[PDB]
Amino acid sequence: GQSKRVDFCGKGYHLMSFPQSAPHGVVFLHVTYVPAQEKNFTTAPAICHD
Amino acid sequence: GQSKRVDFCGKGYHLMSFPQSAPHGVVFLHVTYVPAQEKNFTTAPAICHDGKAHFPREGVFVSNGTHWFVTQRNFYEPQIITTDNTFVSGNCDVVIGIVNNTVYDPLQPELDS
Amino acid sequence: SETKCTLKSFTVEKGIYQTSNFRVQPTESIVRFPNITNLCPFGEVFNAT
Amino acid sequence: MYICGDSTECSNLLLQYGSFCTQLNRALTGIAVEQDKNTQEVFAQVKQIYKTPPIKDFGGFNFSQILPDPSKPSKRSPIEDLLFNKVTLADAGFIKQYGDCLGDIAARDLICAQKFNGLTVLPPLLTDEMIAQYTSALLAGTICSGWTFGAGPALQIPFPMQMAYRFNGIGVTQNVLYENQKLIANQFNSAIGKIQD
Amino acid sequence: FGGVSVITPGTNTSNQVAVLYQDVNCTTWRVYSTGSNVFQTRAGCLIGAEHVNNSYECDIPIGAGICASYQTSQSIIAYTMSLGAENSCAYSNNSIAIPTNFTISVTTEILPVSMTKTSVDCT
Ligand SMILES: *[C@@H]1O[C@H](CO)[C@@H](O[C@@H]2O[C@H](CO)[C@@H](O)[C@H](O)[C@H]2NC(C)=O)[C@H](O)[C@H]1NC(C)=O
Ligand SMILES: *[C@@H]1O[C@H](CO)[C@@H](O[C@@H]2O[C@H](CO)[C@@H](O)[C@H](O)[C@H]2NC(C)=O)[C@H](O)[C@H]1NC(C)=O
Ligand SMILES: *[C@@H]1O[C@H](CO)[C@@H](O[C@@H]2O[C@H](CO)[C@@H](O)[C@H](O)[C@H]2NC(C)=O)[C@H](O)[C@H]1NC(C)=O
Ligand SMILES: *[C@@H]1O[C@H](CO)[C@@H](O)[C@H](O)[C@H]1NC(C)=O
Ligand SMILES: *[C@@H]1O[C@H](CO)[C@@H](O)[C@H](O)[C@H]1NC(C)=O
Ligand SMILES: *[C@@H]1O[C@H](CO)[C@@H](O)[C@H](O)[C@H]1NC(C)=O
């Protein structure tokens, strides 16, 4: 599945995971989306048209 | 509530549950939705109309033997691909696997009539 | 008082405490031996020629 | 074995409280049962075994370090082979023969010392090969049909559309994925390589 | 030196048992008896069970992939357990499967909530 629980399936936004076998346990490879370059913009809650 | 946790409230997509009493414990009856009959369709990531690239808003582009339709992801109910079922982003030279089809425009016939 | 002794306190807070068990005492004793009237042969065992 | 060591006089005295030994073993048996149960709950979730696909172009997405390596005696993925080589177990296999412990006395092997005092290690029900097969089925399922194999029947989907759905699922419109497909696939492939290292 | 366990069908069915010798290789074996039906596995030398080449679902687990059951003229057999049904899909870059119908399923989950409450008078 695709969990929405924060930091449950790794840091960042979860996309998918792949298990791997290990002696006496399991290892998960968690693939996540992480925001990178960003810019600062002016903002507003609403637009006044007519 | 209605949990979205996979296989938490039973296998399949959870709709609702009903508890029942039991000695020393609880028994849950979990009602889930399960996909049944299915069909194989040809697909594409985008539609190329007038050179612009059209993507589904809430669905997938699906083709039968001769025509392209857009359907909701979990249920086969074909709709005509129109400008109200898609959004436009970029153009036909970027998306890998861009089929060309007509994206019906519901306004033009009114402007013509 | 049994609760107070168990808790080692002269003060008991609100709640339910288990307090030992209901017990009764014996009132009399019974002795039942076979009705043997002969004395053992102490003479024969210890006074033998 | 642990307490008396085959001394007959001790054994006969031990019987004075033999209900104790029975109780100790009920407790250990219960633990052993749970260990096999725990393994199945984590790995044997899907009883439908999907085979690892021929490697096809998945849209630039390279899964070779997570999928089984068919050239090896044990079809472990490159990552799994590394994980297994790094964790060290007490011994190899569950058969230790009397004649091996009798011959190698000078060796002072701790495993024989434990066995002669009544301490035994039992084998797992699922072997490493069996665990690898469950893992492979889950990976084959995910790559071929995404999450649908969990929900019910598996429904095939192009890998890149599976990714589009996953992007919409985090609040990023799918046109981003298709427009940047080469970049996304390259970053993915790079990240997996870094993990094995 | 140890290593012995017994595989039993219920005694209300039969009195045949198989005995596993955990530390015996069998390939004068430090066993109580033979009588053929000797199968060697990673979990030990199993004496008193017929090896079967068919996989089945697990009934009495033995260990290391081997399970046993009582089956037909019934006797104890041993086999490698099945891990599940073979299934398949056909990954393709241009096709999708889409559900056309659905079913409503109701399943049952059972959980303990509480245990017996006790009190003990040590005297
Ligand atoms: C794909 O779907 C279309 C739309 O339902 C099918 O075309 C229609 O077929 C009916 C007869 O069953 C005609 O009366 C309609 O006029 C057709 N519509 C159009 C636009 O031509 C089409 O046959 C289906 N293709 C295949 C291969 O089954
Ligand atoms: C997936 O990535 C691996 C590398 O992790 C690729 O394997 C390498 O291929 C080059 C060129 O043939 C060889 O020189 C290397 O020795 C290979 N490395 C390893 C570890 O095998 C593999 O070809 C890529 N798969 C696909 C489908 O592109
Ligand atoms: C967004 O980030 C990626 C890196 O994750 C940038 O891609 C790299 O760009 C440099 C400069 O052209 C190349 O030398 C690298 O080879 C690229 N990396 C990969 C994996 O392709 C990308 O240019 C950034 N882009 C924006 C804001 O458009
Ligand atoms: C032994 O004999 C004497 C008399 O000579 C007597 O006084 C004594 O009580 C006798 N002992 C026992 C045990 O009867
Ligand atoms: C039993 O001994 C043989 C050598 O005769 C060996 O090949 C085999 O692996 C051993 N069996 C087990 C379960 O280790
Ligand atoms: C699928 O792969 C084949 C090559 O095996 C290629 O010819 C075809 O154009 C590809 N289709 C899509 C939608 O990527």
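So you know, we letter chains A, B, ... as the sequences are listed, proteins then strands, and number each from 1. The basis for the numbers below is simple: all heavy atoms, side chains too, and nothing from hydrogens, waters or symmetry mates.
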Exercise. Do any of residues 78-106 of chain E come closer than 4.5 Å to chain C, heavy atom to heavy atom, and if so which ones, in number order?
Worked result: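 Within residues 78-106 of chain E, no residue comes under 4.5 Å of chain C, counting heavy atoms only.
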
Donor-acceptor pairs under 3.5 Å, chain E to chain C, main chain and side chains both?
from     : atom 1 : to      : atom 2 : distance (Å)
E:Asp121 : OD2    : C:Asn21 : ND2    : 2.9
E:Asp121 : OD2    : C:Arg23 : NH2    : 3.1

For this session: Hey, could you give me each pair passing side chain to side chain donor-acceptor pair (under 3.5 Å) that has a residue in residues 29-54 of chain E? Not counting sequence neighbours.
Result: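 Non-adjacent pairs meeting side chain to side chain donor-acceptor pair (under 3.5 Å): D:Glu129-E:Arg42, E:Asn54-E:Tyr56.
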
Exercise. Can you name the side chain to side chain contact (heavy atoms under 4.5 Å, CB included) partners of C:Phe10, sequence neighbours left out?
Worked result: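 For C:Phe10 there are no side chain to side chain contact (heavy atoms under 4.5 Å, CB included) partners, ignoring immediate neighbours.
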
